[PDB]
Amino acid sequence: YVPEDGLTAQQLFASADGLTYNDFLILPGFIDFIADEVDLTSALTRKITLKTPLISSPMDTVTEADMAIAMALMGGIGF
Amino acid sequence: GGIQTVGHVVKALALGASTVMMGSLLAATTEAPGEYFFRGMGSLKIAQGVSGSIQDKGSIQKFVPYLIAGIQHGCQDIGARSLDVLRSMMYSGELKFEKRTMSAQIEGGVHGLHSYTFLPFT
Amino acid sequence: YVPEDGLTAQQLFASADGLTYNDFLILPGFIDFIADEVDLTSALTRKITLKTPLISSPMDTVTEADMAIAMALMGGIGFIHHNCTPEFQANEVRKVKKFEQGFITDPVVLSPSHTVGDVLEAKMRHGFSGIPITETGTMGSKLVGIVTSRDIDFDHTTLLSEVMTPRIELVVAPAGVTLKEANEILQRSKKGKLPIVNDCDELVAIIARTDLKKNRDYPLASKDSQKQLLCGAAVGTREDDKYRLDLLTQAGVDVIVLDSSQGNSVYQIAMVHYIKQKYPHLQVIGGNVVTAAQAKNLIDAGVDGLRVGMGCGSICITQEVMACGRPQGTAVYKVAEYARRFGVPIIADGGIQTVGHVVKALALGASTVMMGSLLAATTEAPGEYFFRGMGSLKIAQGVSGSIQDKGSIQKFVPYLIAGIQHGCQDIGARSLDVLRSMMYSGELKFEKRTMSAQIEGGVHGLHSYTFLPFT
Amino acid sequence: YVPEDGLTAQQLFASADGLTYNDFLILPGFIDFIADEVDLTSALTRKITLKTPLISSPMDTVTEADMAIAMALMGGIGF
Ligand SMILES: NC(=O)c1ccc[n+]([C@@H]2O[C@H](COP(=O)([O-])OP(=O)(O)OC[C@H]3O[C@@H](n4cnc5c(N)ncnc54)[C@H](O)[C@@H]3O)[C@@H](O)[C@H]2O)c1
Ligand SMILES: Nc1nc2c(ncn2[C@@H]2O[C@H](COP(=O)(O)OP(=O)(O)OP(=O)(O)O)[C@@H](O)[C@H]2O)c(=O)[nH]1
Ligand SMILES: Nc1nc2c(ncn2[C@@H]2O[C@H](COP(=O)(O)OP(=O)(O)OP(=O)(O)O)[C@@H](O)[C@H]2O)c(=O)[nH]1
Ligand SMILES: Nc1ncnc2c1ncn2[C@@H]1O[C@H](COP(=O)(O)OP(=O)(O)OP(=O)(O)O)[C@@H](O)[C@H]1O
Ligand SMILES: O=c1[nH]cnc2c1ncn2[C@@H]1O[C@H](COP(=O)(O)O)[C@@H](O)[C@H]1O
Ligand SMILES: O=c1[nH]cnc2c1ncn2[C@@H]1O[C@H](COP(=O)(O)O)[C@@H](O)[C@H]1O
């Protein structure tokens, strides 16, 4: 038996202090697989599944046609 | 002091007490001093005790085996192979407690019945 | 805009203080429906759905055959206690299953050479009086006639051939016809019995007017695909329980519950594995668990249901004989919030004293509620009156009590249903499933009830009084 | 994975509210042994080990010679 350490997400966010990404960490676990085996298939909407989570934001300094092509080729999607 | 039942004996053994010393639980028995009908040692300059009476409970040689079996079953229901393992479990944090408010205390011999008898095998 | 009041279930139970049913309340909501509209269809195990959540606990002072019948008729289910000979338990389950039948596939029959005394003897022995008659005195023979009570309203030495209604007169339906058409020809016939014979004129099975009359009378009964009452039985975890279970399944049990003070043990898990190997079609309900850790390994073993609660029974002295236990409200909440992910329903047993406790238990995630003392003194309960925990006697786990008698189940349970319906209607839940979804999403909110708020039930402002529930 | 339930002894007694035996419970665990297998050997003092924890209190209404004998015979000790 080994005691549990750290806060669940629910416990962490219950305090209502306004956390951001730079304000908490995830404690490690157990490794029994090569890194490349991880699968990133993610769902964009309820009928589109992307093989990677990456998306490019719709802005006039990013996501041209030539970037939407080059980001759809790599598994993501561009707006 | 305070030991009234096997539950209290095991609770005291769980909290770190190596042994448990009994008073009233053994006061009325075939081996206890005096005689029957049908006392705190400071009970009499000031009264530290009281003079009581108890229902008689047979003999120690027939009553203590029940008190041992109750302890064994109480630890077996917890998963401790011995008292030392039970106290080690309490110390390491493996054995966990729950608080018992009054409305959870009344859930022992609940008063749903009109009358009853106990008959412990003793 | 109106501010939110009260604590969600999660907020109420996060403090970890050990709440019970008498230690909190549910704040009301909005009413836009008549009480009778509420729907109580509850799930016993993963393949049994009961039209009411009431269960009778397996004990030697409750759940006879005559109470399992009278509680299955009213929509619930009853578990036959296992403090009896295995043949006795099998007989109890047989009598539970042979109350209403549909196709009576094993009717007792006689040959024409028998005697009116024999027919009367069989009547006194079982209860059925419409004895079919076949040439060989068995199912595999020509149907020659039938003898019923109306034929014997009287001499006892006369043979059945002199009292039978012959086959030339009988109105019979050809075998292989669906149940509906069989009932149609029975009802146009205006006669009590409709034997069923095949194209070879050989008796196959019979149906009775009284079975469909019982269906008409009891709309909420619980039945299987053969239209015969649903029965459950309890069994221990010793070795002899294997032969016990063999006998039980011979009787025709539908659901079996493992009986143990603490469920989480290698012996219970071995029984679960044996059951799910020998009888894959039988639903097994796990033992008494009060924690997620206890529930997990029973779920893995493959219990189709879970019994939650330990130490809180009315007749239970476990909390005093040993130090283990957990308050009923916290126990039911915290094993029913975990079980829900795997679909195994929960049966919160013990501590139920009132309709308020029944509804409180069903609000906290318990799919069904199992009752003890509430049903112990009734016309259908075992024993006799004047004017007992199953471990009450090496050590006393129970107590022998007495209760004030409460009439019959068939007149007591409708009030118990109406109370639940009104309690949910006052909250605004169209059904128990909606109530538990409300509890889970956070819409249904609770309030704590200190002692000075508990004393505000039947307050002691009165000198004396009477209750008179319509029952 | 299954979440932990209940309070450790340290957590239970940290509040400093004055608990007694009738004020808390012990949650159950796992059973893989017959009850009789449990061993109760307990230590009275640093050089006396009793095969059972039971002791009889020293009082004038208990622990005669005839009870000290009958309690030492059963594994305990009497004062
Ligand atoms: N409210 C409660 O939680 C509660 C508490 C105590 C008793 N009860 C009731 O009392 C009745 C019996 O309780 P019980 O605890 O005596 O049940 P039980 O005797 O069937 O099981 C308890 C004991 O049986 C032993 N056991 C089980 N299978 C075994 C096997 N194969 N080999 C060896 N030992 C084995 C266990 O180790 C344990 O000591 C039941 O009706 C039960 O529900 C209920
Ligand atoms: N002979 C016989 N027929 C039955 C029995 N129970 C139901 N039936 C028939 O099976 C059909 C059941 O459909 P309904 O009567 O519409 O519905 P119900 O009463 O809810 O039926 P259950 O779901 O069995 O309660 C009808 O034809 C009934 O007459 C029974 O015990 N015996
Ligand atoms: N009212 C009434 N019911 C009858 C009569 N004869 C038989 N029955 C009922 O027919 C019903 C049919 O259901 P079952 O009990 O399953 O019938 P069975 O399986 O043939 O026989 P038993 O188990 O012996 O009762 C029985 O419950 C009997 O009570 C009779 O003369 N009058
Ligand atoms: N299929 C059938 N066709 C014709 N007559 C039948 C048939 N089955 C039974 N009978 C006869 O009809 C008469 C009454 O049958 P029924 O089944 O209504 O009696 P019962 O229900 O046993 O009597 P009770 O009036 O006590 O309820 C008897 O003479 C019986 O033998
Ligand atoms: O006279 C007395 N006054 C106060 N405490 C006493 C007296 N005599 C014995 N005790 C203590 O009280 C205990 C008995 O309590 P019991 O276990 O509940 O019966 C023992 O722990 C004693 O040492
Ligand atoms: O003999 C016993 N000792 C301890 N608990 C029992 C015993 N018999 C039945 N029980 C349980 O106690 C309950 C009955 O409590 P009630 O609902 O308050 O009457 C059911 O949940 C049972 O399974």
# chains A, B, ... in the order shown; residues from 1 in each chain; ligands from 1
>>> closest_atom_pairs(of="chain C", to="ligand 1", cutoff="7 Å", atoms="only C-alpha atoms and all ligand atoms", output="tab-separated table")
residue	atom	partner	partner_atom_place_in_ligand_line	distance
C:59	CA	ligand 1	41 (O)	6.8
C:236	CA	ligand 1	20 (O)	5.2
C:237	CA	ligand 1	28 (N)	4.8
C:238	CA	ligand 1	31 (N)	4.6
C:239	CA	ligand 1	31 (N)	6.3
C:259	CA	ligand 1	43 (O)	5.1
C:260	CA	ligand 1	17 (O)	4.2
C:261	CA	ligand 1	15 (O)	3.9
C:262	CA	ligand 1	3 (O)	6.1
C:267	CA	ligand 1	28 (N)	4.9
C:268	CA	ligand 1	28 (N)	6.8
C:288	CA	ligand 1	3 (O)	6.0
C:309	CA	ligand 1	3 (O)	6.1
C:310	CA	ligand 1	3 (O)	3.3
C:311	CA	ligand 1	1 (N)	4.4
C:312	CA	ligand 1	1 (N)	6.1
C:313	CA	ligand 1	1 (N)	5.5
C:316	CA	ligand 1	1 (N)	5.9
C:318	CA	ligand 1	5 (C)	5.2
C:390	CA	ligand 1	41 (O)	5.2
C:391	CA	ligand 1	10 (O)	4.4
C:397	CA	ligand 1	6 (C)	5.5
>>> write_last_selection(atoms="N, CA and C atoms", output="PDB file, in the first residue's frame")
ATOM      1  N   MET C  59     -35.038 -13.576   4.935  1.00  0.00           N
ATOM      2  CA  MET C  59     -34.897 -13.868   6.351  1.00  0.00           C
ATOM      3  C   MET C  59     -35.901 -14.949   6.717  1.00  0.00           C
ATOM      4  N   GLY C 236     -25.877 -19.249   0.611  1.00  0.00           N
ATOM      5  CA  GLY C 236     -24.632 -18.897   1.259  1.00  0.00           C
ATOM      6  C   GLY C 236     -23.452 -19.054   0.324  1.00  0.00           C
ATOM      7  N   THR C 237     -22.283 -19.320   0.917  1.00  0.00           N
ATOM      8  CA  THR C 237     -21.056 -19.507   0.149  1.00  0.00           C
ATOM      9  C   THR C 237     -20.232 -20.692   0.646  1.00  0.00           C
ATOM     10  N   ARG C 238     -20.863 -21.658   1.306  1.00  0.00           N
ATOM     11  CA  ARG C 238     -20.181 -22.874   1.713  1.00  0.00           C
ATOM     12  C   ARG C 238     -20.058 -23.828   0.525  1.00  0.00           C
ATOM     13  N   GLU C 239     -19.639 -25.062   0.815  1.00  0.00           N
ATOM     14  CA  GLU C 239     -19.581 -26.081  -0.228  1.00  0.00           C
ATOM     15  C   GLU C 239     -20.959 -26.670  -0.505  1.00  0.00           C
ATOM     16  N   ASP C 259     -25.557 -14.432   0.212  1.00  0.00           N
ATOM     17  CA  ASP C 259     -25.843 -13.918   1.544  1.00  0.00           C
ATOM     18  C   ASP C 259     -24.589 -14.023   2.401  1.00  0.00           C
ATOM     19  N   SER C 260     -24.063 -12.875   2.822  1.00  0.00           N
ATOM     20  CA  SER C 260     -22.875 -12.834   3.665  1.00  0.00           C
ATOM     21  C   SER C 260     -22.810 -11.477   4.347  1.00  0.00           C
ATOM     22  N   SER C 261     -22.243 -11.467   5.554  1.00  0.00           N
ATOM     23  CA  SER C 261     -22.165 -10.225   6.317  1.00  0.00           C
ATOM     24  C   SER C 261     -21.269  -9.210   5.624  1.00  0.00           C
ATOM     25  N   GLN C 262     -20.135  -9.659   5.090  1.00  0.00           N
ATOM     26  CA  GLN C 262     -19.252  -8.823   4.289  1.00  0.00           C
ATOM     27  C   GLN C 262     -18.966  -9.540   2.981  1.00  0.00           C
ATOM     28  N   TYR C 267     -14.071 -16.310  -0.865  1.00  0.00           N
ATOM     29  CA  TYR C 267     -15.106 -17.336  -0.931  1.00  0.00           C
ATOM     30  C   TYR C 267     -16.305 -16.854  -1.739  1.00  0.00           C
ATOM     31  N   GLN C 268     -16.726 -15.606  -1.525  1.00  0.00           N
ATOM     32  CA  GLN C 268     -17.803 -15.052  -2.338  1.00  0.00           C
ATOM     33  C   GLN C 268     -17.397 -14.977  -3.800  1.00  0.00           C
ATOM     34  N   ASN C 288     -22.846  -8.042   0.577  1.00  0.00           N
ATOM     35  CA  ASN C 288     -22.964  -6.738   1.216  1.00  0.00           C
ATOM     36  C   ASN C 288     -21.654  -5.969   1.123  1.00  0.00           C
ATOM     37  N   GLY C 309     -24.984  -1.916   2.192  1.00  0.00           N
ATOM     38  CA  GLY C 309     -25.386  -1.674   3.561  1.00  0.00           C
ATOM     39  C   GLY C 309     -24.844  -2.737   4.487  1.00  0.00           C
ATOM     40  N   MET C 310     -24.358  -2.331   5.657  1.00  0.00           N
ATOM     41  CA  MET C 310     -23.803  -3.276   6.620  1.00  0.00           C
ATOM     42  C   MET C 310     -23.755  -2.598   7.979  1.00  0.00           C
ATOM     43  N   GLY C 311     -24.380  -3.223   8.976  1.00  0.00           N
ATOM     44  CA  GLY C 311     -24.387  -2.706  10.326  1.00  0.00           C
ATOM     45  C   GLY C 311     -25.568  -1.833  10.687  1.00  0.00           C
ATOM     46  N   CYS C 312     -26.450  -1.515   9.738  1.00  0.00           N
ATOM     47  CA  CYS C 312     -27.533  -0.565   9.973  1.00  0.00           C
ATOM     48  C   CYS C 312     -28.914  -1.211   9.984  1.00  0.00           C
ATOM     49  N   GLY C 313     -29.000  -2.537  10.041  1.00  0.00           N
ATOM     50  CA  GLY C 313     -30.301  -3.177  10.082  1.00  0.00           C
ATOM     51  C   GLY C 313     -31.017  -2.922  11.393  1.00  0.00           C
ATOM     52  N   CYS C 316     -30.058  -5.765  13.609  1.00  0.00           N
ATOM     53  CA  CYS C 316     -28.634  -6.020  13.448  1.00  0.00           C
ATOM     54  C   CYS C 316     -27.863  -5.483  14.644  1.00  0.00           C
ATOM     55  N   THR C 318     -24.380  -5.991  14.524  1.00  0.00           N
ATOM     56  CA  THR C 318     -23.020  -6.133  14.018  1.00  0.00           C
ATOM     57  C   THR C 318     -22.143  -4.962  14.431  1.00  0.00           C
ATOM     58  N   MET C 390     -31.527 -13.319  11.111  1.00  0.00           N
ATOM     59  CA  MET C 390     -31.148 -14.652  10.660  1.00  0.00           C
ATOM     60  C   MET C 390     -29.796 -15.095  11.209  1.00  0.00           C
ATOM     61  N   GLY C 391     -29.069 -14.211  11.887  1.00  0.00           N
ATOM     62  CA  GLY C 391     -27.858 -14.586  12.590  1.00  0.00           C
ATOM     63  C   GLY C 391     -27.997 -14.373  14.085  1.00  0.00           C
ATOM     64  N   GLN C 397     -25.297 -12.554  16.034  1.00  0.00           N
ATOM     65  CA  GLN C 397     -25.268 -11.468  15.065  1.00  0.00           C
ATOM     66  C   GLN C 397     -26.604 -10.748  14.940  1.00  0.00           C
TER      67      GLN C 397
END
>>> interface_residues(of="chain B", to="chain C", cutoff="12 Å", atoms="only C-alpha atoms", output="NGL selection string")
:B and (3-14 or 63 or 65-79 or 95-122)
>>> calpha_fit_and_write(fixed="chain A", moving="chain D", output="PDB file with C-alpha atoms, in the first residue's frame")
ATOM      1  CA  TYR D   1       0.000   0.000   0.000  1.00  0.00           C
ATOM      2  CA  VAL D   2       1.230   3.475  -0.968  1.00  0.00           C
ATOM      3  CA  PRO D   3      -0.611   6.726  -0.126  1.00  0.00           C
ATOM      4  CA  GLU D   4      -2.161   8.854  -2.852  1.00  0.00           C
ATOM      5  CA  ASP D   5      -0.429  12.136  -3.684  1.00  0.00           C
ATOM      6  CA  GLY D   6      -1.766  15.249  -5.369  1.00  0.00           C
ATOM      7  CA  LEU D   7      -5.127  16.738  -6.273  1.00  0.00           C
ATOM      8  CA  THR D   8      -7.592  15.387  -8.787  1.00  0.00           C
ATOM      9  CA  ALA D   9      -8.750  17.857 -11.420  1.00  0.00           C
ATOM     10  CA  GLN D  10     -12.023  18.326  -9.553  1.00  0.00           C
ATOM     11  CA  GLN D  11     -10.203  19.073  -6.294  1.00  0.00           C
ATOM     12  CA  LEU D  12      -7.755  21.405  -8.049  1.00  0.00           C
ATOM     13  CA  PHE D  13     -10.470  23.444  -9.791  1.00  0.00           C
ATOM     14  CA  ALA D  14     -12.955  23.515  -6.890  1.00  0.00           C
ATOM     15  CA  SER D  15     -11.111  26.317  -5.066  1.00  0.00           C
ATOM     16  CA  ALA D  16     -12.130  28.790  -7.812  1.00  0.00           C
ATOM     17  CA  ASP D  17      -8.902  30.800  -7.899  1.00  0.00           C
ATOM     18  CA  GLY D  18      -8.485  31.120 -11.670  1.00  0.00           C
ATOM     19  CA  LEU D  19      -5.816  28.642 -12.754  1.00  0.00           C
ATOM     20  CA  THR D  20      -4.068  28.754 -16.127  1.00  0.00           C
ATOM     21  CA  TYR D  21      -1.752  26.334 -17.898  1.00  0.00           C
ATOM     22  CA  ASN D  22       1.318  27.836 -16.199  1.00  0.00           C
ATOM     23  CA  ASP D  23      -0.171  27.298 -12.738  1.00  0.00           C
ATOM     24  CA  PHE D  24      -0.299  23.514 -12.243  1.00  0.00           C
ATOM     25  CA  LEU D  25       1.415  20.247 -13.160  1.00  0.00           C
ATOM     26  CA  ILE D  26       0.493  16.612 -13.787  1.00  0.00           C
ATOM     27  CA  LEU D  27       2.219  14.008 -11.656  1.00  0.00           C
ATOM     28  CA  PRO D  28       3.742  11.076 -13.574  1.00  0.00           C
ATOM     29  CA  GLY D  29       2.602   7.472 -13.705  1.00  0.00           C
ATOM     30  CA  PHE D  30       3.739   4.138 -15.153  1.00  0.00           C
ATOM     31  CA  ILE D  31       5.438   3.546 -18.509  1.00  0.00           C
ATOM     32  CA  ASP D  32       4.937   0.220 -20.290  1.00  0.00           C
ATOM     33  CA  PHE D  33       4.986   1.238 -23.958  1.00  0.00           C
ATOM     34  CA  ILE D  34       7.140   2.985 -26.525  1.00  0.00           C
ATOM     35  CA  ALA D  35       6.259   6.635 -27.121  1.00  0.00           C
ATOM     36  CA  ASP D  36       5.397   6.133 -30.795  1.00  0.00           C
ATOM     37  CA  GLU D  37       2.607   3.726 -29.808  1.00  0.00           C
ATOM     38  CA  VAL D  38       0.499   6.574 -28.380  1.00  0.00           C
ATOM     39  CA  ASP D  39      -2.541   7.347 -30.538  1.00  0.00           C
ATOM     40  CA  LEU D  40      -3.731  10.936 -30.972  1.00  0.00           C
ATOM     41  CA  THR D  41      -6.967  10.449 -32.942  1.00  0.00           C
ATOM     42  CA  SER D  42      -9.103  13.397 -31.823  1.00  0.00           C
ATOM     43  CA  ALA D  43     -12.600  14.574 -32.711  1.00  0.00           C
ATOM     44  CA  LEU D  44     -13.041  17.990 -34.315  1.00  0.00           C
ATOM     45  CA  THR D  45     -16.847  17.944 -34.406  1.00  0.00           C
ATOM     46  CA  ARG D  46     -19.474  15.246 -34.024  1.00  0.00           C
ATOM     47  CA  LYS D  47     -18.769  13.891 -37.537  1.00  0.00           C
ATOM     48  CA  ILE D  48     -15.091  14.786 -38.133  1.00  0.00           C
ATOM     49  CA  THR D  49     -12.203  12.895 -36.513  1.00  0.00           C
ATOM     50  CA  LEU D  50      -8.668  14.202 -36.948  1.00  0.00           C
ATOM     51  CA  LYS D  51      -5.611  11.996 -36.614  1.00  0.00           C
ATOM     52  CA  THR D  52      -3.952  14.803 -34.623  1.00  0.00           C
ATOM     53  CA  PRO D  53      -5.468  17.511 -32.393  1.00  0.00           C
ATOM     54  CA  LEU D  54      -3.601  20.402 -34.029  1.00  0.00           C
ATOM     55  CA  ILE D  55      -5.643  23.263 -35.502  1.00  0.00           C
ATOM     56  CA  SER D  56      -4.561  26.602 -36.976  1.00  0.00           C
ATOM     57  CA  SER D  57      -6.577  29.617 -35.887  1.00  0.00           C
ATOM     58  CA  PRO D  58      -8.492  31.685 -38.471  1.00  0.00           C
ATOM     59  CA  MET D  59      -6.567  34.953 -38.775  1.00  0.00           C
ATOM     60  CA  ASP D  60      -5.244  37.177 -41.545  1.00  0.00           C
ATOM     61  CA  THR D  61      -1.622  36.427 -40.546  1.00  0.00           C
ATOM     62  CA  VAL D  62      -2.069  32.627 -40.564  1.00  0.00           C
ATOM     63  CA  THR D  63      -4.159  30.016 -42.427  1.00  0.00           C
ATOM     64  CA  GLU D  64      -3.701  30.958 -46.028  1.00  0.00           C
ATOM     65  CA  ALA D  65      -4.679  28.359 -48.590  1.00  0.00           C
ATOM     66  CA  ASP D  66      -1.007  27.328 -48.698  1.00  0.00           C
ATOM     67  CA  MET D  67      -1.077  26.698 -44.929  1.00  0.00           C
ATOM     68  CA  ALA D  68      -4.461  24.997 -44.813  1.00  0.00           C
ATOM     69  CA  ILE D  69      -3.064  22.561 -47.390  1.00  0.00           C
ATOM     70  CA  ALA D  70       0.205  22.055 -45.513  1.00  0.00           C
ATOM     71  CA  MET D  71      -1.613  21.493 -42.210  1.00  0.00           C
ATOM     72  CA  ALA D  72      -4.307  19.178 -43.567  1.00  0.00           C
ATOM     73  CA  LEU D  73      -1.490  17.110 -45.070  1.00  0.00           C
ATOM     74  CA  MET D  74      -0.018  16.617 -41.581  1.00  0.00           C
ATOM     75  CA  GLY D  75      -3.253  15.319 -40.050  1.00  0.00           C
ATOM     76  CA  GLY D  76      -4.682  18.564 -38.685  1.00  0.00           C
ATOM     77  CA  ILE D  77      -7.127  21.086 -40.124  1.00  0.00           C
ATOM     78  CA  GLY D  78      -6.947  24.779 -40.934  1.00  0.00           C
ATOM     79  CA  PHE D  79      -9.635  27.447 -40.911  1.00  0.00           C
TER      80      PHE D  79
END
>>> atom_distance(atom1="atom 13 (O, counted along the ligand's line) of ligand 2", atom2="atom CA of residue C:196")
20.1 Å
>>> select_by_dssp(residues="stretch 7-79 of chain D", states="alpha helix (DSSP H)", output="MDAnalysis selection string")
chainID D and resid 9:14 65:72
>>> residues_near_ligand(ligand="ligand 4", cutoff="10 Å", atoms="only C-alpha atoms and all ligand atoms", output="PyMOL selection string")
chain C and resi 128-132+145-153+163-173+185-186+189-196+206-210
>>> select_by_dssp(residues="stretch 41-168 of chain C", states="strand (DSSP E or B)", output="MDAnalysis selection string")
chainID C and resid 42:45 48:50 54:56 59 62 77:80 104 110 115 131:134 142:147 159 165:166
>>> closest_residue(among="C:63, C:141, C:452, C:367", to="residue C:333", atoms="only C-alpha atoms")
C:367
>>> atom_distance(atom1="atom CA of residue C:224", atom2="atom 27 (O, counted along the ligand's line) of ligand 3")
17.3 Å
>>> atom_distance(atom1="atom CA of residue C:157", atom2="atom CA of residue C:123")
16.0 Å
>>> interface_residues(of="chain C", to="chain A", cutoff="12 Å", atoms="only C-alpha atoms", output="short mmCIF file (atom, residue, chain, number, x, y, z; two decimals) with C-alpha atoms, in the first residue's frame")
data_model
loop_
_atom_site.label_atom_id
_atom_site.label_comp_id
_atom_site.auth_asym_id
_atom_site.auth_seq_id
_atom_site.Cartn_x
_atom_site.Cartn_y
_atom_site.Cartn_z
CA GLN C 10 -21.84 15.87 -3.92
CA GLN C 11 -21.46 18.92 -1.68
CA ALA C 14 -18.03 15.64 0.59
#
>>> interface_residues(of="chain B", to="chain A", cutoff="10 Å", atoms="only C-alpha atoms", output="number ranges by chain")
B: 89, 92-94
>>> residues_near_ligand(ligand="ligand 2", cutoff="6 Å", atoms="only C-alpha atoms and all ligand atoms", output="list in words")
residues 100, 101, 102, 180, 207, 211, 212, 215, 219, 227 and 228 of chain C
>>> write_last_selection(atoms="N, CA, C and O atoms", output="mmCIF file, in the first residue's frame")
data_model
loop_
_atom_site.group_PDB
_atom_site.id
_atom_site.type_symbol
_atom_site.label_atom_id
_atom_site.label_comp_id
_atom_site.auth_asym_id
_atom_site.auth_seq_id
_atom_site.Cartn_x
_atom_site.Cartn_y
_atom_site.Cartn_z
ATOM 1 N N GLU C 100 -49.241 -18.508 -11.157
ATOM 2 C CA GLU C 100 -49.825 -18.308 -12.472
ATOM 3 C C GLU C 100 -48.819 -18.806 -13.495
ATOM 4 O O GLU C 100 -47.610 -18.638 -13.322
ATOM 5 N N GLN C 101 -49.327 -19.426 -14.560
ATOM 6 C CA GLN C 101 -48.496 -20.261 -15.412
ATOM 7 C C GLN C 101 -48.519 -19.906 -16.890
ATOM 8 O O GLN C 101 -47.476 -20.022 -17.541
ATOM 9 N N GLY C 102 -49.647 -19.487 -17.442
ATOM 10 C CA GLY C 102 -49.757 -19.439 -18.891
ATOM 11 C C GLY C 102 -49.987 -20.843 -19.412
ATOM 12 O O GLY C 102 -50.977 -21.499 -19.065
ATOM 13 N N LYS C 180 -52.060 -16.160 -28.019
ATOM 14 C CA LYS C 180 -53.204 -15.279 -28.232
ATOM 15 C C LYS C 180 -54.401 -16.048 -28.776
ATOM 16 O O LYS C 180 -55.512 -15.948 -28.245
ATOM 17 N N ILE C 207 -54.368 -24.588 -20.443
ATOM 18 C CA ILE C 207 -54.450 -23.233 -19.920
ATOM 19 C C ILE C 207 -55.736 -23.114 -19.114
ATOM 20 O O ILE C 207 -56.683 -23.884 -19.294
ATOM 21 N N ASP C 211 -55.996 -18.030 -14.826
ATOM 22 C CA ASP C 211 -54.702 -17.380 -15.011
ATOM 23 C C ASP C 211 -54.864 -16.025 -15.694
ATOM 24 O O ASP C 211 -54.290 -15.022 -15.251
ATOM 25 N N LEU C 212 -55.650 -15.968 -16.770
ATOM 26 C CA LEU C 212 -55.935 -14.679 -17.384
ATOM 27 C C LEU C 212 -56.811 -13.811 -16.493
ATOM 28 O O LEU C 212 -56.702 -12.582 -16.551
ATOM 29 N N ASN C 215 -54.291 -12.226 -14.345
ATOM 30 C CA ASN C 215 -53.640 -11.171 -15.116
ATOM 31 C C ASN C 215 -54.502 -9.918 -15.151
ATOM 32 O O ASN C 215 -54.008 -8.801 -14.964
ATOM 33 N N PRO C 219 -52.482 -5.879 -12.543
ATOM 34 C CA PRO C 219 -51.850 -5.327 -13.748
ATOM 35 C C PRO C 219 -50.351 -5.130 -13.635
ATOM 36 O O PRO C 219 -49.680 -5.061 -14.670
ATOM 37 N N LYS C 227 -44.854 -16.051 -18.618
ATOM 38 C CA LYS C 227 -46.009 -15.533 -17.894
ATOM 39 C C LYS C 227 -46.213 -16.281 -16.579
ATOM 40 O O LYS C 227 -47.329 -16.659 -16.220
ATOM 41 N N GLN C 228 -45.115 -16.504 -15.859
ATOM 42 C CA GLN C 228 -45.159 -17.116 -14.540
ATOM 43 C C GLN C 228 -44.303 -16.301 -13.585
ATOM 44 O O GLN C 228 -43.240 -15.800 -13.955
#
>>> residues_near_ligand(ligand="ligand 5", cutoff="10 Å", atoms="only C-alpha atoms and all ligand atoms", output="number ranges by chain")
B: 1-4, 20-27, 39-44, 47-51; D: 56-62
>>> residues_around(residues="stretch 269-286 of chain C", least_positions_apart="6", cutoff="6 Å", atoms="only C-alpha atoms", output="PDB file with N, CA and C atoms, in the first residue's frame")
ATOM      1  N   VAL C 255     -33.353 -15.428 -10.245  1.00  0.00           N
ATOM      2  CA  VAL C 255     -32.262 -14.590  -9.761  1.00  0.00           C
ATOM      3  C   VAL C 255     -31.854 -15.086  -8.383  1.00  0.00           C
ATOM      4  N   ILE C 256     -30.548 -15.092  -8.130  1.00  0.00           N
ATOM      5  CA  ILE C 256     -29.981 -15.635  -6.903  1.00  0.00           C
ATOM      6  C   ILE C 256     -29.103 -14.571  -6.265  1.00  0.00           C
ATOM      7  N   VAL C 257     -29.175 -14.453  -4.943  1.00  0.00           N
ATOM      8  CA  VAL C 257     -28.416 -13.460  -4.191  1.00  0.00           C
ATOM      9  C   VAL C 257     -27.517 -14.190  -3.208  1.00  0.00           C
ATOM     10  N   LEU C 258     -26.257 -13.772  -3.137  1.00  0.00           N
ATOM     11  CA  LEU C 258     -25.319 -14.358  -2.193  1.00  0.00           C
ATOM     12  C   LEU C 258     -25.421 -13.648  -0.851  1.00  0.00           C
ATOM     13  N   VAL C 303     -20.803  -9.868 -10.716  1.00  0.00           N
ATOM     14  CA  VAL C 303     -22.119  -9.796 -10.098  1.00  0.00           C
ATOM     15  C   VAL C 303     -23.002  -8.862 -10.912  1.00  0.00           C
ATOM     16  N   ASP C 304     -24.182  -9.346 -11.286  1.00  0.00           N
ATOM     17  CA  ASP C 304     -25.140  -8.552 -12.039  1.00  0.00           C
ATOM     18  C   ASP C 304     -25.830  -7.497 -11.187  1.00  0.00           C
ATOM     19  N   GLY C 305     -25.653  -7.542  -9.876  1.00  0.00           N
ATOM     20  CA  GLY C 305     -26.199  -6.524  -9.003  1.00  0.00           C
ATOM     21  C   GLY C 305     -25.389  -6.457  -7.731  1.00  0.00           C
ATOM     22  N   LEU C 306     -25.723  -5.479  -6.902  1.00  0.00           N
ATOM     23  CA  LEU C 306     -25.010  -5.253  -5.655  1.00  0.00           C
ATOM     24  C   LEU C 306     -25.926  -4.898  -4.493  1.00  0.00           C
TER      25      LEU C 306
END
